[PDB]
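Dropping my_file-v8.txt in here (compact mmCIF, C-alpha atoms and all ligand atoms):
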```txt
# COMPACT_ATOMS: atom_id res chain seq x y z
CA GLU A 7 70.87 -9.15 232.89
CA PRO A 8 71.45 -12.96 232.69
CA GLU A 9 68.41 -14.82 234.21
CA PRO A 10 69.61 -17.69 236.48
CA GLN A 11 67.84 -21.06 236.70
CA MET A 12 65.81 -21.65 239.91
CA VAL A 13 69.00 -22.46 241.96
CA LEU A 14 67.53 -20.32 244.82
CA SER A 15 64.23 -22.21 245.22
CA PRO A 16 61.75 -21.75 248.08
CA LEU A 17 61.62 -24.71 250.52
CA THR A 18 60.35 -27.88 248.79
CA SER A 19 59.47 -31.19 250.52
CA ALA A 20 60.10 -33.47 247.45
CA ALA A 21 62.89 -33.83 244.87
CA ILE A 22 63.95 -36.06 242.08
CA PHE A 23 67.69 -36.18 241.27
CA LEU A 24 68.31 -37.63 237.79
CA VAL A 25 71.92 -38.12 236.56
CA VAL A 26 72.39 -39.53 233.03
CA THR A 27 75.28 -39.97 230.57
CA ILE A 28 74.91 -38.93 226.93
CA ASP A 29 75.18 -41.91 224.54
CA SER A 30 77.48 -41.66 221.50
CA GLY A 31 75.41 -39.72 218.91
CA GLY A 32 72.88 -38.42 221.52
CA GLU A 33 74.26 -34.80 221.48
CA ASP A 34 71.65 -33.36 219.02
CA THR A 35 68.66 -34.80 221.02
CA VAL A 36 70.19 -33.43 224.28
CA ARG A 37 70.66 -29.92 222.75
CA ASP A 38 66.95 -29.89 221.59
CA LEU A 39 65.75 -30.91 225.10
CA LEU A 40 67.99 -28.29 226.82
CA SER A 41 66.26 -25.54 224.75
CA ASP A 42 62.78 -26.88 225.84
CA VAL A 43 63.38 -27.69 229.56
CA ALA A 44 61.96 -24.30 230.86
CA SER A 45 58.84 -24.77 228.59
CA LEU A 46 58.34 -28.29 230.05
CA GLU A 47 58.77 -26.98 233.64
CA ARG A 48 55.91 -24.44 232.94
CA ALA A 49 53.68 -27.00 231.16
CA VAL A 50 53.92 -29.48 234.08
CA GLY A 51 53.86 -26.96 236.95
CA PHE A 52 51.54 -24.10 235.94
CA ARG A 53 48.25 -25.98 236.53
CA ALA A 54 49.45 -26.93 240.09
CA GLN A 55 50.45 -23.25 241.01
CA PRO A 56 50.91 -21.51 243.36
CA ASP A 57 51.48 -24.42 245.85
CA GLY A 58 53.23 -26.83 243.38
CA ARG A 59 56.55 -24.83 243.51
CA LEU A 60 57.86 -27.10 240.68
CA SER A 61 61.38 -26.18 239.37
CA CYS A 62 64.09 -28.00 237.41
CA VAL A 63 67.78 -27.02 237.57
CA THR A 64 69.74 -28.56 234.66
CA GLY A 65 73.46 -29.17 235.04
CA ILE A 66 76.14 -30.11 232.45
CA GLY A 67 79.35 -31.99 233.31
CA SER A 68 82.89 -31.06 232.07
CA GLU A 69 83.24 -33.88 229.47
CA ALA A 70 79.61 -33.40 228.28
CA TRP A 71 80.21 -29.62 227.91
CA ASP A 72 83.03 -30.30 225.36
CA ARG A 73 80.78 -32.76 223.44
CA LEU A 74 77.79 -30.34 223.30
CA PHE A 75 79.32 -26.86 222.85
CA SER A 76 82.22 -25.15 221.10
CA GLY A 77 84.12 -22.05 222.23
CA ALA A 78 84.59 -20.70 225.74
CA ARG A 79 83.89 -22.95 228.76
CA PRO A 80 83.04 -21.96 232.35
CA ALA A 81 86.33 -21.13 234.14
CA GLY A 82 85.89 -23.74 236.97
CA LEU A 83 84.29 -26.63 235.02
CA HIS A 84 86.25 -29.88 235.53
CA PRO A 85 85.40 -33.48 236.45
CA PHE A 86 84.68 -34.14 240.12
CA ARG A 87 88.09 -34.50 241.92
CA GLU A 88 88.36 -37.89 243.76
CA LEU A 89 89.66 -37.45 247.36
CA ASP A 90 91.68 -40.41 248.75
CA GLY A 91 91.95 -39.74 252.48
CA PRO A 92 93.71 -42.00 255.01
CA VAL A 93 90.28 -43.45 256.10
CA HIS A 94 87.51 -41.95 253.83
CA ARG A 95 87.26 -41.63 250.01
CA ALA A 96 85.09 -39.35 247.86
CA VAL A 97 84.56 -41.35 244.63
CA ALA A 98 83.94 -39.74 241.23
CA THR A 99 81.15 -41.45 239.26
CA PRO A 100 79.98 -40.80 235.70
CA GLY A 101 77.45 -38.02 235.00
CA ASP A 102 76.99 -35.76 231.97
CA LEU A 103 73.61 -34.20 232.82
CA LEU A 104 71.88 -33.43 236.15
CA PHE A 105 68.20 -32.66 236.50
CA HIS A 106 67.53 -31.36 240.04
CA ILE A 107 63.75 -31.41 240.18
CA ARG A 108 61.99 -29.97 243.26
CA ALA A 109 58.35 -29.37 244.20
CA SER A 110 55.96 -29.48 247.17
CA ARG A 111 54.81 -32.98 245.93
CA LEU A 112 56.67 -35.98 244.41
CA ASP A 113 54.03 -36.43 241.64
CA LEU A 114 54.92 -33.00 240.04
CA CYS A 115 58.65 -34.01 240.14
CA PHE A 116 57.79 -37.40 238.63
CA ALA A 117 55.59 -35.87 235.83
CA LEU A 118 58.42 -33.50 234.79
CA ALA A 119 61.09 -36.27 235.01
CA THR A 120 58.81 -38.40 232.73
CA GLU A 121 58.54 -35.60 230.10
CA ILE A 122 62.37 -34.98 230.16
CA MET A 123 63.29 -38.70 229.98
CA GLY A 124 60.60 -39.23 227.28
CA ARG A 125 62.43 -36.63 225.09
CA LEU A 126 65.90 -38.20 225.82
CA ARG A 127 64.97 -41.93 225.26
CA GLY A 128 67.68 -43.50 223.05
CA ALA A 129 70.12 -40.54 223.58
CA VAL A 130 71.06 -41.09 227.28
CA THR A 131 71.68 -43.84 229.85
CA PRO A 132 70.45 -43.32 233.45
CA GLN A 133 73.24 -43.45 236.04
CA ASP A 134 71.31 -42.38 239.19
CA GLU A 135 67.69 -41.66 240.13
CA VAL A 136 66.82 -40.66 243.70
CA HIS A 137 63.34 -39.69 244.97
CA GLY A 138 63.95 -37.44 247.96
CA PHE A 139 61.52 -36.52 250.75
CA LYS A 140 62.17 -34.04 253.60
CA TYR A 141 61.06 -34.92 257.18
CA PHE A 142 58.15 -32.71 258.36
CA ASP A 143 60.62 -30.69 260.63
CA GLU A 144 63.49 -30.35 258.08
CA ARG A 145 65.45 -33.28 259.68
CA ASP A 146 67.77 -35.54 257.70
CA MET A 147 68.22 -39.29 258.13
CA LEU A 148 70.63 -38.64 261.10
CA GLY A 149 67.74 -36.86 262.94
CA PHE A 150 69.39 -33.40 262.72
CA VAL A 151 67.75 -30.30 261.22
CA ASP A 152 69.44 -29.85 257.85
CA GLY A 153 69.51 -26.47 256.02
CA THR A 154 69.62 -24.13 259.03
CA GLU A 155 72.81 -22.18 258.12
CA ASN A 156 72.11 -21.99 254.33
CA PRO A 157 72.60 -18.38 253.14
CA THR A 158 69.32 -16.51 252.25
CA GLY A 159 68.38 -13.63 249.87
CA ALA A 160 71.27 -11.40 248.72
CA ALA A 161 73.89 -13.42 250.62
CA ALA A 162 72.65 -16.58 248.76
CA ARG A 163 72.80 -14.86 245.30
CA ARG A 164 76.37 -13.64 246.01
CA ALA A 165 77.45 -17.19 247.21
CA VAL A 166 75.93 -19.23 244.33
CA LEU A 167 75.70 -17.09 241.12
CA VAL A 168 78.73 -16.61 238.76
CA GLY A 169 79.34 -12.84 238.29
CA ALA A 170 82.08 -10.59 236.81
CA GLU A 171 84.89 -13.18 237.57
CA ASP A 172 83.56 -15.19 234.56
CA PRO A 173 81.36 -12.73 232.68
CA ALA A 174 80.42 -14.96 229.66
CA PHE A 175 78.84 -17.41 232.18
CA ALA A 176 77.28 -14.87 234.62
CA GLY A 177 74.07 -16.23 236.23
CA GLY A 178 75.36 -19.82 236.23
CA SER A 179 76.36 -21.91 239.24
CA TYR A 180 78.36 -25.06 240.05
CA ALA A 181 76.56 -28.07 241.58
CA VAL A 182 78.40 -30.90 243.36
CA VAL A 183 76.25 -34.00 244.09
CA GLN A 184 77.18 -36.93 246.31
CA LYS A 185 74.84 -39.78 247.28
CA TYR A 186 75.62 -40.75 250.90
CA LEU A 187 74.44 -43.97 252.59
CA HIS A 188 74.41 -43.87 256.40
CA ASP A 189 75.25 -46.64 258.83
CA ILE A 190 72.17 -45.96 261.00
CA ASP A 191 72.94 -48.96 263.31
CA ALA A 192 76.36 -47.44 264.18
CA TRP A 193 74.85 -43.92 264.50
CA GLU A 194 71.98 -45.01 266.85
CA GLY A 195 74.65 -46.63 269.07
CA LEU A 196 75.87 -43.12 270.04
CA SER A 197 74.24 -41.07 272.85
CA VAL A 198 72.49 -37.87 271.68
CA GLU A 199 75.40 -35.82 273.24
CA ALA A 200 77.96 -37.88 271.20
CA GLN A 201 75.87 -37.30 267.97
CA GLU A 202 75.79 -33.54 268.83
CA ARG A 203 79.66 -33.62 269.09
CA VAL A 204 79.76 -35.25 265.56
CA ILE A 205 77.50 -32.55 263.98
CA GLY A 206 78.32 -29.49 266.19
CA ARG A 207 74.69 -28.52 266.95
CA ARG A 208 72.12 -29.61 269.59
CA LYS A 209 69.87 -32.34 268.16
CA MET A 210 66.36 -31.29 269.35
CA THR A 211 66.75 -27.47 269.45
CA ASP A 212 69.32 -27.02 266.56
CA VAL A 213 71.37 -24.42 268.52
CA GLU A 214 75.05 -24.40 267.49
CA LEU A 215 77.47 -25.74 270.19
CA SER A 216 79.62 -22.96 271.81
CA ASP A 217 83.14 -22.52 270.30
CA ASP A 218 84.64 -23.97 273.57
CA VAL A 219 82.67 -27.34 273.42
CA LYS A 220 82.41 -27.69 269.56
CA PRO A 221 85.02 -30.29 268.50
CA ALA A 222 87.58 -29.47 265.76
CA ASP A 223 86.43 -32.62 263.86
CA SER A 224 82.68 -31.81 264.10
CA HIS A 225 80.87 -31.36 260.79
CA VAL A 226 80.00 -27.67 261.35
CA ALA A 227 83.63 -26.92 262.41
CA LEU A 228 85.16 -28.49 259.24
CA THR A 229 82.61 -26.96 256.77
CA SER A 230 83.00 -23.45 258.34
CA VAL A 231 85.62 -21.82 256.05
CA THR A 232 86.81 -18.19 255.83
CA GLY A 233 88.58 -16.59 252.84
CA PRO A 234 91.97 -14.77 252.98
CA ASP A 235 90.02 -11.49 253.43
CA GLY A 236 88.02 -12.75 256.50
CA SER A 237 84.64 -13.38 254.70
CA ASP A 238 82.65 -16.63 255.25
CA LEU A 239 82.76 -18.88 252.15
CA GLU A 240 79.19 -20.21 251.87
CA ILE A 241 77.38 -22.76 249.70
CA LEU A 242 73.67 -23.40 249.22
CA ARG A 243 72.64 -26.97 250.08
CA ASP A 244 69.40 -28.81 249.56
CA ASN A 245 70.25 -32.18 251.16
CA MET A 246 67.42 -34.71 250.72
CA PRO A 247 66.74 -37.94 252.61
CA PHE A 248 65.99 -41.04 250.57
CA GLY A 249 65.97 -44.75 251.14
CA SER A 250 64.44 -48.22 251.04
CA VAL A 251 63.31 -49.82 254.32
CA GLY A 252 63.53 -53.40 252.97
CA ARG A 253 67.16 -52.98 251.73
CA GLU A 254 68.07 -51.03 254.96
CA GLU A 255 69.20 -48.17 252.70
CA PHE A 256 69.07 -44.83 254.55
CA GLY A 257 70.72 -41.95 252.70
CA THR A 258 71.37 -38.26 252.33
CA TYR A 259 71.52 -36.94 248.79
CA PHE A 260 73.97 -34.05 249.05
CA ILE A 261 73.75 -31.17 246.54
CA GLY A 262 75.80 -27.98 247.11
CA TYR A 263 75.65 -24.96 244.80
CA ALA A 264 78.48 -22.37 244.72
CA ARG A 265 79.71 -19.65 242.27
CA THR A 266 83.06 -21.54 242.09
CA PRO A 267 83.78 -25.26 242.73
CA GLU A 268 86.78 -24.06 244.83
CA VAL A 269 84.48 -23.29 247.81
CA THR A 270 82.72 -26.72 247.74
CA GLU A 271 86.04 -28.53 247.06
CA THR A 272 87.79 -26.74 250.01
CA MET A 273 84.97 -28.04 252.28
CA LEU A 274 85.25 -31.56 250.78
CA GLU A 275 89.09 -31.54 251.30
CA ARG A 276 88.69 -30.55 254.98
CA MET A 277 86.04 -33.28 255.41
CA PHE A 278 87.88 -36.16 253.62
CA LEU A 279 91.60 -35.22 254.14
CA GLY A 280 91.21 -33.25 257.40
CA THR A 281 93.34 -30.40 258.86
CA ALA A 282 96.09 -29.83 261.49
CA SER A 283 93.41 -30.24 264.27
CA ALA A 284 91.15 -32.93 262.75
CA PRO A 285 91.84 -36.28 261.02
CA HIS A 286 88.53 -35.99 259.08
CA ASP A 287 84.87 -35.03 259.49
CA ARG A 288 83.29 -37.36 262.11
CA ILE A 289 80.05 -37.40 259.94
CA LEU A 290 81.97 -39.65 257.47
CA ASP A 291 82.40 -42.37 260.19
CA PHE A 292 78.60 -42.88 259.66
CA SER A 293 78.26 -41.75 256.02
CA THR A 294 79.67 -43.37 252.86
CA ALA A 295 79.72 -41.43 249.55
CA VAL A 296 78.74 -43.79 246.68
CA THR A 297 78.49 -41.11 243.93
CA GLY A 298 80.31 -37.88 243.19
CA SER A 299 79.71 -35.55 240.20
CA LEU A 300 80.23 -31.87 239.35
CA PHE A 301 78.00 -29.88 236.99
CA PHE A 302 77.75 -26.36 235.69
CA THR A 303 74.17 -25.04 235.78
CA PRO A 304 74.07 -22.33 233.08
CA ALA A 305 71.94 -19.16 233.12
CA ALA A 306 68.36 -19.97 231.88
CA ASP A 307 68.90 -17.69 228.81
CA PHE A 308 71.99 -19.77 227.83
CA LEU A 309 69.76 -22.91 227.52
CA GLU A 310 66.93 -20.99 225.74
CA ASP A 311 69.31 -19.70 222.94
CA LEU A 312 70.57 -23.20 221.76
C1 LIG A 401 76.93 -36.64 254.52
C2 LIG A 401 75.75 -36.14 254.49
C3 LIG A 401 75.59 -34.76 255.03
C4 LIG A 401 74.77 -34.52 256.06
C5 LIG A 401 73.79 -35.54 256.60
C6 LIG A 401 74.92 -33.15 256.44
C7 LIG A 401 74.22 -32.56 257.47
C8 LIG A 401 74.38 -31.27 257.92
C9 LIG A 401 73.79 -30.71 259.08
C10 LIG A 401 72.80 -31.43 259.97
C11 LIG A 401 74.21 -29.43 259.20
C12 LIG A 401 73.84 -28.48 260.33
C13 LIG A 401 72.65 -27.59 260.10
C14 LIG A 401 72.81 -26.83 258.81
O1 LIG A 401 72.41 -27.31 257.74
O2 LIG A 401 73.29 -25.70 258.90
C15 LIG A 401 75.10 -29.20 258.12
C16 LIG A 401 75.74 -28.02 257.93
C17 LIG A 401 76.59 -27.85 256.85
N1 LIG A 401 77.00 -28.79 255.95
FE1 LIG A 401 76.61 -30.71 255.95
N2 LIG A 401 75.86 -32.59 255.65
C18 LIG A 401 76.36 -33.52 254.81
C19 LIG A 401 77.33 -33.34 253.86
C20 LIG A 401 77.93 -32.13 253.56
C21 LIG A 401 78.92 -31.89 252.54
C22 LIG A 401 79.40 -32.99 251.62
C23 LIG A 401 79.26 -30.53 252.58
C24 LIG A 401 80.20 -29.72 251.76
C25 LIG A 401 80.91 -30.16 250.77
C26 LIG A 401 78.47 -29.97 253.65
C27 LIG A 401 78.48 -28.64 254.01
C28 LIG A 401 77.78 -28.12 255.07
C29 LIG A 401 77.86 -26.71 255.41
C30 LIG A 401 78.60 -25.67 254.68
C31 LIG A 401 77.10 -26.51 256.53
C32 LIG A 401 76.87 -25.22 257.27
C33 LIG A 401 78.06 -25.07 258.23
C34 LIG A 401 77.97 -23.74 258.94
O3 LIG A 401 78.40 -22.74 258.42
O4 LIG A 401 77.33 -23.60 259.99
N3 LIG A 401 77.67 -30.97 254.20
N4 LIG A 401 75.20 -30.35 257.34
MG MG A 402 72.95 -51.78 259.56
```
Output the file's structure in the form of structure tokens.
Amino acid sequence: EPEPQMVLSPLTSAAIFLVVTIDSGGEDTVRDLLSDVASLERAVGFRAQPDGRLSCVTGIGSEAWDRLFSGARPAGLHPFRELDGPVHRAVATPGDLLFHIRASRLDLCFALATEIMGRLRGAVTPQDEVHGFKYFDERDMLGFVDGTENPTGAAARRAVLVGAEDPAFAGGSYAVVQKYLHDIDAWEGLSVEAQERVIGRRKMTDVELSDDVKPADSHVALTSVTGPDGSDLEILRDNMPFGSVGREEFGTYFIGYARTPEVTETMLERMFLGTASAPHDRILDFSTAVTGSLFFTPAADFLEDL
């Protein structure tokens, strides 16, 4: 059986997202680190178990894949597709490697990030570093509970893990990241009932709005997608708040895992380009994407065998 990376993590209250590019000539150093990342995760995390819940998911971008590896590629691995809507744009920004580091405490994330970046010094250039923290009641920076409809258990494994459709890459996943900044001043100008019509759920109690009050351009309406065969197309999210009070920077770091980028990209198209019923996702009137990258997160045994 292929052993996946810790894509399906228990709930964690802290994250570091590290996105780097590989410098010309840095390939050999990167390949050595990829074969050691699971060993480093154990070295940093074991002595803080069982409450540390430290994990690192490592992702490789399309262009980086072709620099690092020869032979067969994951079937759906391509650069993030830029979406140029009438009003809103999803930008593509550079990123060769993703380290999605999660734990119950920021210090465990930081210790592992330090070991990884120590091994990659001189081989990579940092593009993005975000220290994420969840609100004590799973709220995001818009004050809504965030994670509620994530798939769990068997449903989550079926939604996120590559299987027989791409058998050489079984146990992998596709991660799409986007750093969003929120216009909190504009958002806080709305009544709670208007905010609820933007999201599609009740703010305090997190109960979904009935189908007869839920707007067509609400977030939950546009990211609810069914396949030709009537099944829900699901992704696994672990959205993390971040920011800087002095710079008035209030953000949501979006990460969505799926067994094919097609599911995440269908949701992004509905959000950014809209549908018959909806010009675009109302969440984007208060949320600006400033990064956008796609990564393949290989099976753990793929990284071990380099
Ligand atoms: C802009 C920052 C984002 C924020 C603050 C945000 C926030 C939320 C919130 C509050 C919910 C409702 C509760 C729940 O998690 O089930 C939700 C649901 C969801 N979001 Fe977003 N989200 C963002 C971006 C995205 C993006 C970019 C995608 C997909 C590409 C996405 C996909 C989903 C999905 C699939 C659901 C569950 C819908 C359902 O089936 O009920 N989100 N999000
Ligand atoms: Mg402002």
What are the closest atom pairs, with distances in Å to one decimal, for all residues of region 180-207 of chain A lying within 12 Å of region 131-142 of chain A? Consider all atoms listed in the file, order rows by chain and residue number, and present the result as CSV.
```
residue,atom,partner,partner_atom,distance
A:183,CA,A:134,CA,10.9
A:184,CA,A:134,CA,10.7
A:185,CA,A:136,CA,8.8
A:186,CA,A:136,CA,11.4
```
Return as a Markdown table the residues of chain A lying at most 7 Å from ligand MG 402 (chain A), together with the closest atom-to-atom pair for each and the distance in Å to one decimal, counting only C-alpha atoms and all ligand atoms, with rows in chain order and ascending residue number.
```
| residue | atom | partner | partner_atom | distance |
| --- | --- | --- | --- | --- |
| A:189 | CA | A:MG402 | MG | 5.7 |
| A:190 | CA | A:MG402 | MG | 6.0 |
| A:191 | CA | A:MG402 | MG | 4.7 |
| A:254 | CA | A:MG402 | MG | 6.7 |
```
Since we have the selection now, will you write its residues out, keeping C-alpha atoms, as a CSV table (one decimal), in the coordinates of the input?
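Final file, result06.csv:
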```
chain,number,residue,atom,x,y,z
A,189,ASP,CA,75.2,-46.6,258.8
A,190,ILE,CA,72.2,-46.0,261.0
A,191,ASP,CA,72.9,-49.0,263.3
A,254,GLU,CA,68.1,-51.0,255.0
```
Could you pull out the residues sitting within 7 Å of ligand LIG 401 (chain A), using all atoms listed in the file, and write them as a PyMOL selection string?
chain A and resi 146-148+150-156+184+186+205+207+225-226+229-230+240-241+258+260+262+270-271+273-274+289-290+293
Restricting the calculation to only C-alpha atoms: of A:28, A:60, A:252, A:264, which residue gets closest to residue 72 (chain A)?
A:28
Close residues, residue 174 (chain A) itself excluded, 12 Å, only C-alpha atoms, min 2 positions apart in chain, as a ChimeraX atom specification
/A:7-8,77-81,168-172,176-178,304-305,307-308
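If you measure from each of A:76, A:202, A:118, A:284 to residue 219 (chain A) using only C-alpha atoms, the closest one turns out to be A:202.
CA of residue 119 (chain A) is positioned 19.4 Å from CA of residue 302 (chain A).
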Kindly extract all protein, DNA and RNA residues lying within 10 Å of the coordinates (68.3, -38.5, 221.8) given in the file, considering only C-alpha atoms, and supply them as a ChimeraX atom specification.
/A:28-39,123-130
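In this comparison, which uses all atoms listed in the file, the residue of A:175, A:180, A:86, A:23 approaching residue 306 (chain A) most closely is A:175.
Using all atoms listed in the file, the nearest neighbour of residue 292 (chain A) within the list A:187, A:96, A:43, A:162 is A:187.
Separating CA of residue 204 (chain A) from CA of residue 288 (chain A) is a distance of 5.4 Å.
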Listed atoms of region 243-255 of chain A boxed axis-aligned with 8 Å per side, centre + edges as lines of an AutoDock Vina configuration file:
```
center_x = 68.0
center_y = -40.2
center_z = 252.3
size_x = 25.3
size_y = 42.4
size_z = 21.4
```
Here is a test: counting all atoms listed in the file, which residue of A:222, A:49, A:13, A:160 is nearest to residue 282 (chain A)?
A:222
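Of the listed residues A:215, A:269, A:182, A:25, the one whose atoms come nearest to residue 231 (chain A) is A:269, with distances taken using only C-alpha atoms.
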